[PDB]
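S.K.: One file: coords_33.cif (mmCIF, N, CA and C atoms).
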data_coords
#
loop_
_atom_site.label_atom_id
_atom_site.label_comp_id
_atom_site.auth_asym_id
_atom_site.auth_seq_id
_atom_site.Cartn_x
_atom_site.Cartn_y
_atom_site.Cartn_z
N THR F 1 6.09 8.76 -8.21
CA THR F 1 4.80 9.03 -8.90
C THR F 1 4.43 7.82 -9.76
N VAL F 2 5.47 7.15 -10.27
CA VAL F 2 5.28 5.93 -11.04
C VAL F 2 4.48 4.89 -10.23
N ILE F 3 4.82 4.72 -8.95
CA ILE F 3 4.13 3.72 -8.11
C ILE F 3 2.68 4.14 -7.87
N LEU F 4 2.46 5.43 -7.57
CA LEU F 4 1.08 5.99 -7.46
C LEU F 4 0.22 5.80 -8.74
N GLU F 5 0.78 6.11 -9.92
CA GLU F 5 0.01 5.85 -11.15
C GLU F 5 -0.29 4.41 -11.37
N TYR F 6 0.67 3.52 -11.08
CA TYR F 6 0.43 2.08 -11.20
C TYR F 6 -0.70 1.61 -10.25
N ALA F 7 -0.65 2.07 -9.01
CA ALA F 7 -1.69 1.70 -8.01
C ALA F 7 -3.06 2.21 -8.43
N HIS F 8 -3.11 3.41 -8.99
CA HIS F 8 -4.36 4.01 -9.44
C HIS F 8 -5.00 3.19 -10.59
N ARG F 9 -4.21 2.87 -11.60
CA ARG F 9 -4.67 2.00 -12.70
C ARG F 9 -5.03 0.61 -12.26
N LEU F 10 -4.22 -0.02 -11.42
CA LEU F 10 -4.57 -1.37 -10.90
C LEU F 10 -5.87 -1.34 -10.09
N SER F 11 -6.04 -0.30 -9.25
CA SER F 11 -7.25 -0.15 -8.46
C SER F 11 -8.49 -0.10 -9.35
N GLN F 12 -8.42 0.72 -10.40
CA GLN F 12 -9.50 0.83 -11.40
C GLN F 12 -9.79 -0.49 -12.10
N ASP F 13 -8.74 -1.20 -12.46
CA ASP F 13 -8.88 -2.53 -13.10
C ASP F 13 -9.50 -3.58 -12.20
N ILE F 14 -9.02 -3.66 -10.96
CA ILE F 14 -9.57 -4.63 -10.00
C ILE F 14 -11.07 -4.34 -9.78
N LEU F 15 -11.41 -3.06 -9.57
CA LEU F 15 -12.83 -2.67 -9.40
C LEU F 15 -13.77 -3.06 -10.58
N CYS F 16 -13.37 -2.75 -11.81
CA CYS F 16 -14.04 -3.25 -13.03
C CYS F 16 -14.19 -4.74 -13.03
N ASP F 17 -13.08 -5.45 -12.88
CA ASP F 17 -13.10 -6.89 -12.67
C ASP F 17 -14.18 -7.33 -11.71
N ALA F 18 -14.15 -6.80 -10.48
CA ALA F 18 -15.04 -7.23 -9.42
C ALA F 18 -16.49 -6.93 -9.75
N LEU F 19 -16.73 -5.76 -10.31
CA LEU F 19 -18.08 -5.31 -10.59
C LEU F 19 -18.73 -6.08 -11.71
N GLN F 20 -17.93 -6.56 -12.67
CA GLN F 20 -18.38 -7.45 -13.74
C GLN F 20 -18.10 -8.94 -13.40
N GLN F 21 -18.34 -9.29 -12.13
CA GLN F 21 -18.19 -10.64 -11.56
C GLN F 21 -19.28 -10.83 -10.49
N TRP F 22 -19.77 -9.70 -9.96
CA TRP F 22 -21.00 -9.58 -9.14
C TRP F 22 -22.18 -9.10 -10.02
N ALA F 23 -22.28 -9.69 -11.21
CA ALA F 23 -23.27 -9.31 -12.21
C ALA F 23 -22.81 -9.85 -13.55
N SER P 1 -27.52 -6.19 -8.11
CA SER P 1 -27.32 -5.03 -9.03
C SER P 1 -25.89 -4.57 -8.98
N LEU P 2 -25.33 -4.49 -10.18
CA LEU P 2 -24.05 -3.88 -10.38
C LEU P 2 -24.19 -2.44 -9.94
N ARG P 3 -25.40 -1.90 -10.07
CA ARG P 3 -25.63 -0.50 -9.73
C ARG P 3 -25.58 -0.21 -8.21
N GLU P 4 -26.13 -1.10 -7.38
CA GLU P 4 -26.00 -0.97 -5.93
C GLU P 4 -24.53 -0.97 -5.50
N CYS P 5 -23.77 -1.93 -6.02
CA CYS P 5 -22.32 -2.02 -5.83
C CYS P 5 -21.58 -0.73 -6.26
N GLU P 6 -21.86 -0.23 -7.46
CA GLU P 6 -21.18 0.96 -8.03
C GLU P 6 -21.45 2.16 -7.17
N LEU P 7 -22.70 2.36 -6.76
CA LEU P 7 -22.97 3.45 -5.84
C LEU P 7 -22.27 3.27 -4.50
N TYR P 8 -22.28 2.07 -3.92
CA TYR P 8 -21.59 1.86 -2.61
C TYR P 8 -20.09 2.17 -2.73
N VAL P 9 -19.47 1.69 -3.83
CA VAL P 9 -18.02 1.87 -4.05
C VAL P 9 -17.67 3.36 -4.16
N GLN P 10 -18.55 4.13 -4.80
CA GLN P 10 -18.39 5.61 -4.98
C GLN P 10 -18.56 6.37 -3.69
N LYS P 11 -19.59 6.05 -2.92
CA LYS P 11 -19.76 6.77 -1.68
C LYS P 11 -18.69 6.56 -0.64
N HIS P 12 -18.19 5.32 -0.53
CA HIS P 12 -17.07 5.00 0.37
C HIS P 12 -15.68 5.20 -0.17
N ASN P 13 -15.60 5.77 -1.36
CA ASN P 13 -14.32 5.93 -2.06
C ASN P 13 -13.43 4.69 -2.02
N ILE P 14 -13.96 3.58 -2.51
CA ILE P 14 -13.30 2.29 -2.37
C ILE P 14 -12.16 2.23 -3.36
N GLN P 15 -12.30 2.89 -4.51
CA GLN P 15 -11.17 2.92 -5.44
C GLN P 15 -9.94 3.56 -4.78
N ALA P 16 -10.12 4.69 -4.08
CA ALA P 16 -8.98 5.28 -3.36
C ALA P 16 -8.43 4.38 -2.28
N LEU P 17 -9.33 3.70 -1.57
CA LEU P 17 -8.91 2.73 -0.54
C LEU P 17 -8.03 1.63 -1.16
N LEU P 18 -8.43 1.06 -2.30
CA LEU P 18 -7.63 -0.03 -2.91
C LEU P 18 -6.32 0.58 -3.39
N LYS P 19 -6.42 1.75 -3.99
CA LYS P 19 -5.19 2.40 -4.48
C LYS P 19 -4.19 2.55 -3.32
N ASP P 20 -4.60 3.14 -2.19
CA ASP P 20 -3.71 3.29 -1.02
C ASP P 20 -3.15 1.95 -0.55
N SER P 21 -4.00 0.90 -0.53
CA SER P 21 -3.56 -0.44 -0.15
C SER P 21 -2.43 -0.94 -1.03
N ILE P 22 -2.58 -0.73 -2.35
CA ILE P 22 -1.55 -1.14 -3.30
C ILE P 22 -0.23 -0.38 -3.08
N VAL P 23 -0.30 0.91 -2.85
CA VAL P 23 0.92 1.72 -2.58
C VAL P 23 1.63 1.15 -1.36
N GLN P 24 0.89 0.91 -0.27
CA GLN P 24 1.47 0.35 0.96
C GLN P 24 2.09 -1.04 0.72
N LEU P 25 1.35 -1.89 0.01
CA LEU P 25 1.91 -3.20 -0.39
C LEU P 25 3.22 -3.04 -1.16
N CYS P 26 3.23 -2.15 -2.15
CA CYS P 26 4.46 -1.89 -2.93
C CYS P 26 5.64 -1.26 -2.15
N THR P 27 5.33 -0.54 -1.07
CA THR P 27 6.34 0.08 -0.25
C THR P 27 6.92 -1.00 0.66
N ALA P 28 6.01 -1.75 1.29
CA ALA P 28 6.41 -2.71 2.28
C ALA P 28 6.85 -4.05 1.72
N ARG P 29 6.28 -4.47 0.59
CA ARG P 29 6.47 -5.82 0.02
C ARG P 29 6.52 -6.87 1.12
N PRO P 30 5.41 -7.03 1.89
CA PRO P 30 5.43 -7.90 3.05
C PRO P 30 5.50 -9.40 2.65
N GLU P 31 6.13 -10.19 3.50
CA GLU P 31 6.18 -11.66 3.40
C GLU P 31 4.77 -12.26 3.42
N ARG P 32 3.87 -11.65 4.20
CA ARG P 32 2.47 -12.15 4.40
C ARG P 32 1.51 -11.01 4.07
N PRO P 33 1.12 -10.85 2.79
CA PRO P 33 0.33 -9.67 2.53
C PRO P 33 -1.04 -9.65 3.18
N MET P 34 -1.60 -10.84 3.55
CA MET P 34 -2.94 -10.86 4.16
C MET P 34 -2.86 -10.34 5.55
N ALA P 35 -1.84 -10.78 6.30
CA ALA P 35 -1.57 -10.25 7.64
C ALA P 35 -1.27 -8.74 7.57
N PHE P 36 -0.52 -8.32 6.56
CA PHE P 36 -0.18 -6.89 6.45
C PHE P 36 -1.47 -5.99 6.18
N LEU P 37 -2.33 -6.46 5.29
CA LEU P 37 -3.61 -5.81 4.94
C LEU P 37 -4.55 -5.75 6.14
N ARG P 38 -4.64 -6.84 6.90
CA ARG P 38 -5.39 -6.85 8.15
C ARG P 38 -4.90 -5.77 9.08
N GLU P 39 -3.59 -5.70 9.28
CA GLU P 39 -3.01 -4.67 10.15
C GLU P 39 -3.17 -3.27 9.60
N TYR P 40 -3.08 -3.10 8.27
CA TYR P 40 -3.25 -1.80 7.69
C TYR P 40 -4.72 -1.26 7.93
N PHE P 41 -5.72 -2.09 7.67
CA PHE P 41 -7.11 -1.69 7.79
C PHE P 41 -7.46 -1.42 9.27
N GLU P 42 -6.84 -2.19 10.17
CA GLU P 42 -6.99 -1.96 11.60
C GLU P 42 -6.42 -0.60 11.99
N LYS P 43 -5.25 -0.28 11.46
CA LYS P 43 -4.58 1.01 11.67
C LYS P 43 -5.46 2.19 11.19
N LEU P 44 -6.06 2.03 10.01
CA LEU P 44 -6.93 3.04 9.40
C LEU P 44 -8.20 3.22 10.22
N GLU P 45 -8.73 2.12 10.70
CA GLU P 45 -9.90 2.20 11.59
C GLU P 45 -9.67 3.01 12.90
N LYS P 46 -8.59 2.68 13.58
CA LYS P 46 -8.08 3.43 14.74
C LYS P 46 -7.89 4.94 14.43
N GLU P 47 -7.18 5.25 13.34
CA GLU P 47 -6.92 6.66 12.96
C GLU P 47 -8.27 7.35 12.78
N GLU P 48 -9.16 6.75 12.01
CA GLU P 48 -10.48 7.30 11.72
C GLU P 48 -11.30 7.62 12.97
N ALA P 49 -11.18 6.78 13.99
CA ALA P 49 -11.88 6.94 15.27
C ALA P 49 -11.22 8.00 16.16
N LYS P 50 -9.93 8.27 15.91
CA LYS P 50 -9.10 9.14 16.74
C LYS P 50 -9.66 10.58 16.76
N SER R 1 10.87 0.95 -6.19
CA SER R 1 11.11 0.58 -7.64
C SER R 1 9.89 0.01 -8.34
N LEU R 2 9.53 0.55 -9.51
CA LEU R 2 8.32 0.08 -10.19
C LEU R 2 8.40 -1.38 -10.55
N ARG R 3 9.53 -1.84 -11.10
CA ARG R 3 9.57 -3.25 -11.51
C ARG R 3 9.47 -4.16 -10.28
N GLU R 4 10.08 -3.77 -9.16
CA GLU R 4 9.98 -4.50 -7.87
C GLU R 4 8.49 -4.65 -7.47
N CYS R 5 7.71 -3.60 -7.71
CA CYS R 5 6.27 -3.54 -7.37
C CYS R 5 5.39 -4.49 -8.20
N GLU R 6 5.51 -4.43 -9.52
CA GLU R 6 4.80 -5.34 -10.43
C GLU R 6 5.10 -6.79 -10.20
N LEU R 7 6.37 -7.08 -9.95
CA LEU R 7 6.77 -8.42 -9.65
C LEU R 7 6.20 -8.89 -8.35
N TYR R 8 6.26 -8.04 -7.34
CA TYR R 8 5.57 -8.41 -6.09
C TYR R 8 4.07 -8.75 -6.32
N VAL R 9 3.36 -7.89 -7.06
CA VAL R 9 1.93 -8.03 -7.26
C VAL R 9 1.61 -9.33 -7.98
N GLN R 10 2.37 -9.58 -9.06
CA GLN R 10 2.30 -10.85 -9.80
C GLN R 10 2.53 -12.09 -8.95
N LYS R 11 3.64 -12.11 -8.19
CA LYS R 11 4.06 -13.26 -7.41
C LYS R 11 3.05 -13.57 -6.30
N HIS R 12 2.49 -12.53 -5.67
CA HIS R 12 1.59 -12.77 -4.56
C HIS R 12 0.11 -12.78 -4.91
N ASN R 13 -0.19 -12.79 -6.20
CA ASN R 13 -1.51 -12.79 -6.76
C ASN R 13 -2.36 -11.72 -6.08
N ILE R 14 -1.80 -10.51 -6.02
CA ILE R 14 -2.46 -9.38 -5.28
C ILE R 14 -3.72 -8.94 -5.98
N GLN R 15 -3.71 -8.91 -7.32
CA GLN R 15 -4.91 -8.50 -8.04
C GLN R 15 -6.11 -9.44 -7.74
N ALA R 16 -5.87 -10.74 -7.78
CA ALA R 16 -6.89 -11.71 -7.43
C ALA R 16 -7.35 -11.57 -5.97
N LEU R 17 -6.39 -11.46 -5.05
CA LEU R 17 -6.67 -11.25 -3.59
C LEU R 17 -7.65 -10.07 -3.36
N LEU R 18 -7.35 -8.92 -3.97
CA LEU R 18 -8.13 -7.68 -3.77
C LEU R 18 -9.44 -7.72 -4.53
N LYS R 19 -9.44 -8.23 -5.76
CA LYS R 19 -10.71 -8.41 -6.47
C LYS R 19 -11.72 -9.27 -5.65
N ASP R 20 -11.27 -10.39 -5.08
CA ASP R 20 -12.15 -11.18 -4.25
C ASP R 20 -12.63 -10.46 -3.00
N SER R 21 -11.77 -9.67 -2.36
CA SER R 21 -12.27 -8.85 -1.23
C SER R 21 -13.36 -7.86 -1.69
N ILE R 22 -13.23 -7.29 -2.88
CA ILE R 22 -14.29 -6.36 -3.37
C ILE R 22 -15.61 -7.07 -3.72
N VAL R 23 -15.49 -8.24 -4.36
CA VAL R 23 -16.67 -9.12 -4.52
C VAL R 23 -17.43 -9.36 -3.19
N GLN R 24 -16.71 -9.73 -2.13
CA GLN R 24 -17.32 -9.87 -0.79
C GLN R 24 -17.87 -8.54 -0.25
N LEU R 25 -17.16 -7.45 -0.52
CA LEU R 25 -17.63 -6.13 -0.13
C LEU R 25 -18.92 -5.69 -0.78
N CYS R 26 -19.07 -5.87 -2.08
CA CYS R 26 -20.33 -5.59 -2.75
C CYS R 26 -21.52 -6.54 -2.40
N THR R 27 -21.22 -7.73 -1.90
CA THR R 27 -22.24 -8.65 -1.38
C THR R 27 -22.81 -8.11 -0.04
N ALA R 28 -21.93 -7.66 0.84
CA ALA R 28 -22.36 -7.26 2.16
C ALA R 28 -22.74 -5.76 2.29
N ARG R 29 -22.09 -4.90 1.49
CA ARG R 29 -22.23 -3.44 1.56
C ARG R 29 -22.33 -3.02 3.04
N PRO R 30 -21.24 -3.24 3.81
CA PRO R 30 -21.19 -3.04 5.20
C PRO R 30 -21.21 -1.58 5.59
N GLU R 31 -21.73 -1.30 6.78
CA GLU R 31 -21.71 0.09 7.29
C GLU R 31 -20.27 0.60 7.46
N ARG R 32 -19.34 -0.31 7.78
CA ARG R 32 -17.91 0.05 8.10
C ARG R 32 -16.98 -0.75 7.22
N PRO R 33 -16.69 -0.26 5.98
CA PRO R 33 -15.95 -1.16 5.10
C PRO R 33 -14.57 -1.55 5.58
N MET R 34 -13.89 -0.68 6.34
CA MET R 34 -12.52 -1.06 6.75
C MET R 34 -12.53 -2.19 7.78
N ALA R 35 -13.46 -2.15 8.75
CA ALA R 35 -13.75 -3.28 9.68
C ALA R 35 -14.12 -4.56 8.93
N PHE R 36 -14.93 -4.43 7.91
CA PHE R 36 -15.32 -5.61 7.13
C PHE R 36 -14.04 -6.23 6.44
N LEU R 37 -13.26 -5.38 5.79
CA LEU R 37 -12.06 -5.85 5.08
C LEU R 37 -11.05 -6.39 6.06
N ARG R 38 -10.88 -5.74 7.19
CA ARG R 38 -9.97 -6.28 8.21
C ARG R 38 -10.34 -7.73 8.60
N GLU R 39 -11.64 -7.95 8.83
CA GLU R 39 -12.13 -9.30 9.22
C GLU R 39 -12.05 -10.35 8.10
N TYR R 40 -12.27 -9.88 6.88
CA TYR R 40 -12.10 -10.69 5.69
C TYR R 40 -10.67 -11.20 5.53
N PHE R 41 -9.69 -10.30 5.61
CA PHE R 41 -8.27 -10.76 5.55
C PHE R 41 -7.83 -11.55 6.76
N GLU R 42 -8.40 -11.25 7.91
CA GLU R 42 -8.26 -12.12 9.09
C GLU R 42 -8.79 -13.56 8.82
N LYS R 43 -10.04 -13.69 8.38
CA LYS R 43 -10.58 -14.99 7.92
C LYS R 43 -9.68 -15.68 6.89
N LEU R 44 -9.39 -15.02 5.77
CA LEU R 44 -8.51 -15.57 4.74
C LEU R 44 -7.18 -16.08 5.31
N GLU R 45 -6.65 -15.29 6.24
CA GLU R 45 -5.36 -15.45 6.89
C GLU R 45 -5.42 -16.47 8.03
N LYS R 46 -6.58 -17.13 8.18
CA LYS R 46 -6.82 -18.31 9.05
C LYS R 46 -7.23 -19.56 8.21
N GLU R 47 -8.08 -19.37 7.21
CA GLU R 47 -8.19 -20.36 6.15
C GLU R 47 -6.90 -20.25 5.31
#
Go ahead and express the file in the form of C-alpha cells.

M.R.:
Amino acid sequence: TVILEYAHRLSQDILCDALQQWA
Amino acid sequence: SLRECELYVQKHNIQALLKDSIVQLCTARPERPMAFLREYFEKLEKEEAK
Amino acid sequence: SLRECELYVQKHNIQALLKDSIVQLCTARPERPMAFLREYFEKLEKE
C-alpha cells in the first residue's frame, strides 16, 4: 500500500508540475 | 488554456494512468524505463481493444 | 520496497520523464492518449 500511496502522490505532483508549465 | 488541459486530464483519467505507470515502474525497476513504458502503453492499448 | 522505489525514481529522473510526456499530452490532447504516449516514448527512446 506504501508503493500505491507514493505513486498516487507523485502522479498528483507531476500533473500539477505539468499543468503549471503549459501555462 | 490550463483549463483545456485540466478537463482533458480529468476525462481520460490521466492521473490514474500516471499512477499505474509509476507502480509498474516501481515493481519492475527496468534498465530502460522508456522502452518499458512504450511496451506498457502498447499492452494497455491491446487490452482495451480486446 | 519503498526505499528501492524512490531511489529508482530519483536515479532515472522519472518525475521529469513523465512531466514532459504530460506537457506533450496537453499540447496535442489526442483522441487516444495511450497510443500517443506509446509513440512519444518510442520517439524519446530513439532520440

S.K.: Counting only C-alpha atoms, which residues in chain P sit no more than 6 Å from chain F? For each one, give the nearest pair of atoms and the distance in Å, sorted by chain then residue number, as JSON lines.

M.R.:
{"residue": "P:2", "atom": "CA", "partner": "F:23", "partner_atom": "CA", "distance": 5.8}
{"residue": "P:15", "atom": "CA", "partner": "F:11", "partner_atom": "CA", "distance": 5.8}
{"residue": "P:18", "atom": "CA", "partner": "F:11", "partner_atom": "CA", "distance": 5.6}
{"residue": "P:19", "atom": "CA", "partner": "F:7", "partner_atom": "CA", "distance": 5.0}
{"residue": "P:22", "atom": "CA", "partner": "F:7", "partner_atom": "CA", "distance": 5.5}

S.K.: Please enumerate the residues selected by the PyMOL selection byres ((chain R) within 6.5 of (chain P)) when evaluated against the supplied file, formatted as a compact mmCIF listing (two decimals) with N, CA and C atoms, in the coordinates of the input.

M.R.:
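Result file follows (result-v7.txt):
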# COMPACT_ATOMS: atom_id res chain seq x y z
N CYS R 5 7.71 -3.60 -7.71
CA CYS R 5 6.27 -3.54 -7.37
C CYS R 5 5.39 -4.49 -8.20
N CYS R 26 -19.07 -5.87 -2.08
CA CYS R 26 -20.33 -5.59 -2.75
C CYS R 26 -21.52 -6.54 -2.40
N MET R 34 -13.89 -0.68 6.34
CA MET R 34 -12.52 -1.06 6.75
C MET R 34 -12.53 -2.19 7.78
N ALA R 35 -13.46 -2.15 8.75
CA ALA R 35 -13.75 -3.28 9.68
C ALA R 35 -14.12 -4.56 8.93
N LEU R 37 -13.26 -5.38 5.79
CA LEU R 37 -12.06 -5.85 5.08
C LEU R 37 -11.05 -6.39 6.06
N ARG R 38 -10.88 -5.74 7.19
CA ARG R 38 -9.97 -6.28 8.21
C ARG R 38 -10.34 -7.73 8.60
N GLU R 39 -11.64 -7.95 8.83
CA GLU R 39 -12.13 -9.30 9.22
C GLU R 39 -12.05 -10.35 8.10
N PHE R 41 -9.69 -10.30 5.61
CA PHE R 41 -8.27 -10.76 5.55
C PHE R 41 -7.83 -11.55 6.76
N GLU R 42 -8.40 -11.25 7.91
CA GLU R 42 -8.26 -12.12 9.09
C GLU R 42 -8.79 -13.56 8.82
N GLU R 45 -6.65 -15.29 6.24
CA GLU R 45 -5.36 -15.45 6.89
C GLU R 45 -5.42 -16.47 8.03

S.K.: Could you write out as a list in words the residues of chain R within 8 Å of chain F, counting only N, CA and C atoms?

M.R.: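 The contacting residues on chain R are residues 1, 2, 5, 15, 16, 18, 19, 20, 21, 22, 23, 24, 26 and 27 of chain R.
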
S.K.: How many Å lie between atom C of residue 8 (chain R) and atom N of residue 25 (chain R), rounded to one decimal?

M.R.: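 Computing the Euclidean distance for atom C of residue 8 (chain R) and atom N of residue 25 (chain R) yields 22.0 Å.
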
S.K.: Please identify the alpha helix (DSSP H) residues within chain F (assignment by DSSP from backbone atoms) and present them as a ChimeraX atom specification.

M.R.: /F:2-19

S.K.: Could you write out that same residue set with N, CA and C atoms as an mmCIF file, in the coordinates of the input?

M.R.:
data_model
loop_
_atom_site.group_PDB
_atom_site.id
_atom_site.type_symbol
_atom_site.label_atom_id
_atom_site.label_comp_id
_atom_site.auth_asym_id
_atom_site.auth_seq_id
_atom_site.Cartn_x
_atom_site.Cartn_y
_atom_site.Cartn_z
ATOM 1 N N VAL F 2 5.470 7.150 -10.270
ATOM 2 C CA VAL F 2 5.280 5.930 -11.040
ATOM 3 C C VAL F 2 4.480 4.890 -10.230
ATOM 4 N N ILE F 3 4.820 4.720 -8.950
ATOM 5 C CA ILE F 3 4.130 3.720 -8.110
ATOM 6 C C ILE F 3 2.680 4.140 -7.870
ATOM 7 N N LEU F 4 2.460 5.430 -7.570
ATOM 8 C CA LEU F 4 1.080 5.990 -7.460
ATOM 9 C C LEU F 4 0.220 5.800 -8.740
ATOM 10 N N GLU F 5 0.780 6.110 -9.920
ATOM 11 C CA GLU F 5 0.010 5.850 -11.150
ATOM 12 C C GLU F 5 -0.290 4.410 -11.370
ATOM 13 N N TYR F 6 0.670 3.520 -11.080
ATOM 14 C CA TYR F 6 0.430 2.080 -11.200
ATOM 15 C C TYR F 6 -0.700 1.610 -10.250
ATOM 16 N N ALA F 7 -0.650 2.070 -9.010
ATOM 17 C CA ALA F 7 -1.690 1.700 -8.010
ATOM 18 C C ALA F 7 -3.060 2.210 -8.430
ATOM 19 N N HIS F 8 -3.110 3.410 -8.990
ATOM 20 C CA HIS F 8 -4.360 4.010 -9.440
ATOM 21 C C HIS F 8 -5.000 3.190 -10.590
ATOM 22 N N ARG F 9 -4.210 2.870 -11.600
ATOM 23 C CA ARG F 9 -4.670 2.000 -12.700
ATOM 24 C C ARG F 9 -5.030 0.610 -12.260
ATOM 25 N N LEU F 10 -4.220 -0.020 -11.420
ATOM 26 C CA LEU F 10 -4.570 -1.370 -10.900
ATOM 27 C C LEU F 10 -5.870 -1.340 -10.090
ATOM 28 N N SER F 11 -6.040 -0.300 -9.250
ATOM 29 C CA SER F 11 -7.250 -0.150 -8.460
ATOM 30 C C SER F 11 -8.490 -0.100 -9.350
ATOM 31 N N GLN F 12 -8.420 0.720 -10.400
ATOM 32 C CA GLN F 12 -9.500 0.830 -11.400
ATOM 33 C C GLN F 12 -9.790 -0.490 -12.100
ATOM 34 N N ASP F 13 -8.740 -1.200 -12.460
ATOM 35 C CA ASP F 13 -8.880 -2.530 -13.100
ATOM 36 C C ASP F 13 -9.500 -3.580 -12.200
ATOM 37 N N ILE F 14 -9.020 -3.660 -10.960
ATOM 38 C CA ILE F 14 -9.570 -4.630 -10.000
ATOM 39 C C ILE F 14 -11.070 -4.340 -9.780
ATOM 40 N N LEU F 15 -11.410 -3.060 -9.570
ATOM 41 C CA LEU F 15 -12.830 -2.670 -9.400
ATOM 42 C C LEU F 15 -13.770 -3.060 -10.580
ATOM 43 N N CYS F 16 -13.370 -2.750 -11.810
ATOM 44 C CA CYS F 16 -14.040 -3.250 -13.030
ATOM 45 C C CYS F 16 -14.190 -4.740 -13.030
ATOM 46 N N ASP F 17 -13.080 -5.450 -12.880
ATOM 47 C CA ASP F 17 -13.100 -6.890 -12.670
ATOM 48 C C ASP F 17 -14.180 -7.330 -11.710
ATOM 49 N N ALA F 18 -14.150 -6.800 -10.480
ATOM 50 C CA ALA F 18 -15.040 -7.230 -9.420
ATOM 51 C C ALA F 18 -16.490 -6.930 -9.750
ATOM 52 N N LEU F 19 -16.730 -5.760 -10.310
ATOM 53 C CA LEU F 19 -18.080 -5.310 -10.590
ATOM 54 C C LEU F 19 -18.730 -6.080 -11.710
#

S.K.: Please indicate the distance in Å from CA of residue 43 (chain R) to CA of residue 9 (chain R), rounded to one decimal place.

M.R.: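 Separation between CA of residue 43 (chain R) and CA of residue 9 (chain R): 20.9 Å.
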
S.K.: Just the number, please: distance in Å from atom N of residue 12 (chain R) to atom C of residue 47 (chain R), one decimal.

M.R.: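 Taking atom N of residue 12 (chain R) and atom C of residue 47 (chain R), their separation equals 16.4 Å.
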
S.K.: Starting from the sparse input, extend region 31-44 of chain R to N, CA, C and O atoms and give the output as a PDB file, in the frame of the given file.

M.R.:
ATOM      1  N   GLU R  31     -21.730  -1.300   6.780  1.00  0.00           N
ATOM      2  CA  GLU R  31     -21.710   0.090   7.290  1.00  0.00           C
ATOM      3  C   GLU R  31     -20.270   0.600   7.460  1.00  0.00           C
ATOM      4  O   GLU R  31     -20.004   1.800   7.290  1.00  0.00           O
ATOM      5  N   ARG R  32     -19.340  -0.310   7.780  1.00  0.00           N
ATOM      6  CA  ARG R  32     -17.910   0.050   8.100  1.00  0.00           C
ATOM      7  C   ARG R  32     -16.980  -0.750   7.220  1.00  0.00           C
ATOM      8  O   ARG R  32     -16.594  -1.860   7.589  1.00  0.00           O
ATOM      9  N   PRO R  33     -16.690  -0.260   5.980  1.00  0.00           N
ATOM     10  CA  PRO R  33     -15.950  -1.160   5.100  1.00  0.00           C
ATOM     11  C   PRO R  33     -14.570  -1.550   5.580  1.00  0.00           C
ATOM     12  O   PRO R  33     -14.103  -2.625   5.200  1.00  0.00           O
ATOM     13  N   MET R  34     -13.890  -0.680   6.340  1.00  0.00           N
ATOM     14  CA  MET R  34     -12.520  -1.060   6.750  1.00  0.00           C
ATOM     15  C   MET R  34     -12.530  -2.190   7.780  1.00  0.00           C
ATOM     16  O   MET R  34     -11.719  -3.085   7.661  1.00  0.00           O
ATOM     17  N   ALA R  35     -13.460  -2.150   8.750  1.00  0.00           N
ATOM     18  CA  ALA R  35     -13.750  -3.280   9.680  1.00  0.00           C
ATOM     19  C   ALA R  35     -14.120  -4.560   8.930  1.00  0.00           C
ATOM     20  O   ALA R  35     -13.618  -5.671   9.225  1.00  0.00           O
ATOM     21  N   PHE R  36     -14.930  -4.430   7.910  1.00  0.00           N
ATOM     22  CA  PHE R  36     -15.320  -5.610   7.130  1.00  0.00           C
ATOM     23  C   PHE R  36     -14.040  -6.230   6.440  1.00  0.00           C
ATOM     24  O   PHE R  36     -13.824  -7.457   6.462  1.00  0.00           O
ATOM     25  N   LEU R  37     -13.260  -5.380   5.790  1.00  0.00           N
ATOM     26  CA  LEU R  37     -12.060  -5.850   5.080  1.00  0.00           C
ATOM     27  C   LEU R  37     -11.050  -6.390   6.060  1.00  0.00           C
ATOM     28  O   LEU R  37     -10.444  -7.403   5.786  1.00  0.00           O
ATOM     29  N   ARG R  38     -10.880  -5.740   7.190  1.00  0.00           N
ATOM     30  CA  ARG R  38      -9.970  -6.280   8.210  1.00  0.00           C
ATOM     31  C   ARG R  38     -10.340  -7.730   8.600  1.00  0.00           C
ATOM     32  O   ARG R  38      -9.480  -8.659   8.664  1.00  0.00           O
ATOM     33  N   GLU R  39     -11.640  -7.950   8.830  1.00  0.00           N
ATOM     34  CA  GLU R  39     -12.130  -9.300   9.220  1.00  0.00           C
ATOM     35  C   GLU R  39     -12.050 -10.350   8.100  1.00  0.00           C
ATOM     36  O   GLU R  39     -11.814 -11.566   8.358  1.00  0.00           O
ATOM     37  N   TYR R  40     -12.270  -9.880   6.880  1.00  0.00           N
ATOM     38  CA  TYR R  40     -12.100 -10.690   5.690  1.00  0.00           C
ATOM     39  C   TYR R  40     -10.670 -11.200   5.530  1.00  0.00           C
ATOM     40  O   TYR R  40     -10.451 -12.386   5.266  1.00  0.00           O
ATOM     41  N   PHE R  41      -9.690 -10.300   5.610  1.00  0.00           N
ATOM     42  CA  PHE R  41      -8.270 -10.760   5.550  1.00  0.00           C
ATOM     43  C   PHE R  41      -7.830 -11.550   6.760  1.00  0.00           C
ATOM     44  O   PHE R  41      -7.048 -12.469   6.633  1.00  0.00           O
ATOM     45  N   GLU R  42      -8.400 -11.250   7.910  1.00  0.00           N
ATOM     46  CA  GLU R  42      -8.260 -12.120   9.090  1.00  0.00           C
ATOM     47  C   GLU R  42      -8.790 -13.560   8.820  1.00  0.00           C
ATOM     48  O   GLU R  42      -8.024 -14.548   8.961  1.00  0.00           O
ATOM     49  N   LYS R  43     -10.040 -13.690   8.380  1.00  0.00           N
ATOM     50  CA  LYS R  43     -10.580 -14.990   7.920  1.00  0.00           C
ATOM     51  C   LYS R  43      -9.680 -15.680   6.890  1.00  0.00           C
ATOM     52  O   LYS R  43      -9.243 -16.822   7.124  1.00  0.00           O
ATOM     53  N   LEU R  44      -9.390 -15.020   5.770  1.00  0.00           N
ATOM     54  CA  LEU R  44      -8.510 -15.570   4.740  1.00  0.00           C
ATOM     55  C   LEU R  44      -7.180 -16.080   5.310  1.00  0.00           C
ATOM     56  O   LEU R  44      -6.711 -17.169   4.939  1.00  0.00           O
TER      57      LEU R  44
END
